[PDB]
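S.K.: Data: work-v9.cif, mmCIF, C-alpha atoms and all ligand atoms.
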data_protein
loop_
_atom_site.group_PDB
_atom_site.id
_atom_site.type_symbol
_atom_site.label_atom_id
_atom_site.label_comp_id
_atom_site.auth_asym_id
_atom_site.auth_seq_id
_atom_site.Cartn_x
_atom_site.Cartn_y
_atom_site.Cartn_z
ATOM 1 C CA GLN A 1 0.000 0.000 0.000
ATOM 2 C CA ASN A 2 3.011 2.318 0.425
ATOM 3 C CA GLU A 3 5.598 2.608 -2.374
ATOM 4 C CA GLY A 4 5.866 5.976 -4.160
ATOM 5 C CA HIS A 5 4.896 9.446 -2.883
ATOM 6 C CA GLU A 6 6.017 12.730 -4.458
ATOM 7 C CA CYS A 7 9.596 13.367 -5.545
ATOM 8 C CA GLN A 8 9.609 17.125 -5.677
ATOM 9 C CA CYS A 9 13.362 16.536 -5.783
ATOM 10 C CA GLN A 10 15.159 19.366 -7.515
ATOM 11 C CA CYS A 11 18.498 17.576 -7.239
ATOM 12 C CA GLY A 12 20.535 16.836 -10.382
ATOM 13 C CA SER A 13 19.392 13.237 -10.872
ATOM 14 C CA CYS A 14 15.775 13.958 -9.963
ATOM 15 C CA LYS A 15 15.157 16.869 -12.290
ATOM 16 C CA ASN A 16 16.377 14.873 -15.317
ATOM 17 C CA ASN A 17 14.690 11.608 -14.265
ATOM 18 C CA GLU A 18 10.897 12.041 -14.493
ATOM 19 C CA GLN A 19 10.396 8.280 -14.128
ATOM 20 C CA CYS A 20 10.839 8.551 -10.361
ATOM 21 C CA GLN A 21 9.069 11.864 -9.667
ATOM 22 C CA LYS A 22 6.028 9.806 -8.618
ATOM 23 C CA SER A 23 7.724 6.885 -6.847
ATOM 24 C CA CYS A 24 11.133 8.012 -5.581
ATOM 25 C CA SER A 25 12.538 6.591 -2.311
ATOM 26 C CA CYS A 26 13.121 9.826 -0.375
ATOM 27 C CA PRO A 27 11.334 11.251 2.658
ATOM 28 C CA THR A 28 9.930 14.794 2.867
ATOM 29 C CA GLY A 29 13.435 16.199 3.226
ATOM 30 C CA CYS A 30 14.641 15.602 -0.343
ATOM 31 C CA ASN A 31 14.243 19.202 -1.525
ATOM 32 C CA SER A 32 17.994 19.840 -1.934
ATOM 33 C CA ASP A 33 20.902 18.083 -3.690
ATOM 34 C CA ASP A 34 22.528 16.127 -0.844
ATOM 35 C CA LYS A 35 22.709 12.509 0.110
ATOM 36 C CA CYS A 36 19.503 12.208 -1.877
ATOM 37 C CA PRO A 37 19.058 8.440 -1.942
ATOM 38 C CA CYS A 38 16.465 8.515 -4.747
ATOM 39 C CA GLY A 39 15.785 5.525 -7.009
ATOM 40 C CA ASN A 40 19.128 5.650 -8.854
HETATM 41 CU CU CU A 101 12.196 12.276 -5.297
HETATM 42 CU CU CU A 102 16.934 13.829 -5.625
HETATM 43 CU CU CU A 103 12.805 11.224 -8.367
HETATM 44 CU CU CU A 104 16.025 15.089 -3.669
HETATM 45 CU CU CU A 105 16.233 11.827 -3.205
HETATM 46 CU CU CU A 106 13.681 10.142 -4.456
HETATM 47 CU CU CU A 107 14.371 12.114 -5.825
#
Can you give me the file's structure in the form of structure tokens?
Ligand SMILES: [Cu+]
Ligand SMILES: [Cu+]
Ligand SMILES: [Cu+]
Ligand SMILES: [Cu+]
Ligand SMILES: [Cu+]
Ligand SMILES: [Cu+]
Ligand SMILES: [Cu+]

M.R.:
Amino acid sequence: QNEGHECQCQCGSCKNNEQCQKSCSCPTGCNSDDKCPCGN
């Protein structure tokens, strides 16, 4: 029941990858390029 959420990630691998902007693996603290552990 819980898998994707909302990758509003503006990182460098989130802005170019729109295939994970609806199911990324980051919490609600992924709004800055850091240790963003997104999909890949
Ligand atoms: Cu994300
Ligand atoms: Cu990201
Ligand atoms: Cu993403
Ligand atoms: Cu992010
Ligand atoms: Cu992330
Ligand atoms: Cu993510
Ligand atoms: Cu992300």

S.K.: Find the residues near residue 27 in chain A: any atom within 12 Å, counting all atoms listed in the file, skip ones fewer than 6 places away on the same chain, and give them as number ranges by chain.

M.R.: A: 3-9, 35-38

S.K.: Separation of CA of residue 20 in chain A and CA of residue 32 in chain A, in Å?

M.R.: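 Going from CA of residue 20 in chain A over to CA of residue 32 in chain A, I get 15.8 Å.
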
S.K.: Nearest to ligand CU 101 (chain A) among A:21, A:2, A:40, A:16, with distances taken over only C-alpha atoms and all ligand atoms: which residue is it?

M.R.: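 For ligand CU 101 (chain A), the nearest of the candidates is A:21.
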
S.K.: To one decimal place in Å, what is the distance between atom CU of ligand CU 104 (chain A) and CA of residue 1 in chain A?

M.R.: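 The value is 22.3 Å.
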
S.K.: Using only the atoms of range 18-31 of chain A listed in the file, plus 5 Å on each side, state the axis-aligned box centre and edge lengths in Å rounded to one decimal, as AutoDock Vina command-line options.

M.R.:
--center_x 10.3 --center_y 12.9 --center_z -5.6 --size_x 18.6 --size_y 22.6 --size_z 27.7

S.K.: Rebuild range 13-35 of chain A so that it carries N, CA and C atoms, then output the result as an mmCIF file, in the frame of the given file.

M.R.:
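Okay, this is what ended up in selection34.cif:
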data_model
loop_
_atom_site.group_PDB
_atom_site.id
_atom_site.type_symbol
_atom_site.label_atom_id
_atom_site.label_comp_id
_atom_site.auth_asym_id
_atom_site.auth_seq_id
_atom_site.Cartn_x
_atom_site.Cartn_y
_atom_site.Cartn_z
ATOM 1 N N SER A 13 19.808 14.539 -10.282
ATOM 2 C CA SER A 13 19.392 13.237 -10.872
ATOM 3 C C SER A 13 17.886 13.056 -10.709
ATOM 4 N N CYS A 14 17.232 14.037 -10.158
ATOM 5 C CA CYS A 14 15.775 13.958 -9.963
ATOM 6 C C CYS A 14 15.082 14.834 -10.986
ATOM 7 N N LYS A 15 15.716 15.905 -11.296
ATOM 8 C CA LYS A 15 15.157 16.869 -12.290
ATOM 9 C C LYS A 15 15.260 16.295 -13.706
ATOM 10 N N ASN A 16 16.229 15.459 -13.953
ATOM 11 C CA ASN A 16 16.377 14.873 -15.317
ATOM 12 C C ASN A 16 15.684 13.510 -15.388
ATOM 13 N N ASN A 17 15.371 12.933 -14.261
ATOM 14 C CA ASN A 17 14.690 11.608 -14.265
ATOM 15 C C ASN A 17 13.222 11.773 -13.865
ATOM 16 N N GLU A 18 12.343 11.869 -14.823
ATOM 17 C CA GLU A 18 10.897 12.041 -14.493
ATOM 18 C C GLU A 18 10.228 10.683 -14.292
ATOM 19 N N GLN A 19 10.990 9.633 -14.323
ATOM 20 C CA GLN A 19 10.396 8.280 -14.128
ATOM 21 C C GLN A 19 10.364 7.926 -12.643
ATOM 22 N N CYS A 20 10.833 8.812 -11.816
ATOM 23 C CA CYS A 20 10.839 8.551 -10.361
ATOM 24 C C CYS A 20 10.243 9.746 -9.615
ATOM 25 N N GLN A 21 9.673 10.675 -10.333
ATOM 26 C CA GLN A 21 9.069 11.864 -9.667
ATOM 27 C C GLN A 21 7.708 11.497 -9.071
ATOM 28 N N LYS A 22 7.336 10.255 -9.177
ATOM 29 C CA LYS A 22 6.028 9.806 -8.618
ATOM 30 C C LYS A 22 6.227 8.543 -7.782
ATOM 31 N N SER A 23 7.445 8.108 -7.648
ATOM 32 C CA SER A 23 7.724 6.885 -6.847
ATOM 33 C C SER A 23 9.195 6.853 -6.432
ATOM 34 N N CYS A 24 9.716 7.963 -5.991
ATOM 35 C CA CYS A 24 11.133 8.012 -5.581
ATOM 36 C C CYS A 24 11.248 7.413 -4.174
ATOM 37 N N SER A 25 12.430 7.210 -3.667
ATOM 38 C CA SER A 25 12.538 6.591 -2.311
ATOM 39 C C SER A 25 13.076 7.591 -1.286
ATOM 40 N N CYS A 26 12.633 8.812 -1.346
ATOM 41 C CA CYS A 26 13.121 9.826 -0.375
ATOM 42 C C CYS A 26 11.975 10.317 0.512
ATOM 43 N N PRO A 27 12.333 10.737 1.694
ATOM 44 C CA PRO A 27 11.334 11.251 2.658
ATOM 45 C C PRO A 27 10.969 12.690 2.299
ATOM 46 N N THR A 28 10.301 13.382 3.175
ATOM 47 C CA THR A 28 9.930 14.794 2.867
ATOM 48 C C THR A 28 11.062 15.731 3.271
ATOM 49 N N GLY A 29 12.252 15.360 2.925
ATOM 50 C CA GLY A 29 13.435 16.199 3.226
ATOM 51 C C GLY A 29 14.350 16.138 2.008
ATOM 52 N N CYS A 30 13.815 15.704 0.894
ATOM 53 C CA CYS A 30 14.641 15.602 -0.343
ATOM 54 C C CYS A 30 14.384 16.802 -1.250
ATOM 55 N N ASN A 31 14.480 17.977 -0.708
ATOM 56 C CA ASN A 31 14.243 19.202 -1.525
ATOM 57 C C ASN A 31 15.572 19.898 -1.836
ATOM 58 N N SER A 32 16.669 19.216 -1.648
ATOM 59 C CA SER A 32 17.994 19.840 -1.934
ATOM 60 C C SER A 32 19.010 18.768 -2.337
ATOM 61 N N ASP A 33 19.888 19.083 -3.249
ATOM 62 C CA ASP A 33 20.902 18.083 -3.690
ATOM 63 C C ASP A 33 21.838 17.718 -2.532
ATOM 64 N N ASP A 34 21.667 16.553 -1.968
ATOM 65 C CA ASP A 34 22.528 16.127 -0.844
ATOM 66 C C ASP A 34 22.776 14.649 -0.937
ATOM 67 N N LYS A 35 22.546 13.980 0.112
ATOM 68 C CA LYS A 35 22.709 12.509 0.110
ATOM 69 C C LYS A 35 21.415 11.919 -0.409
#
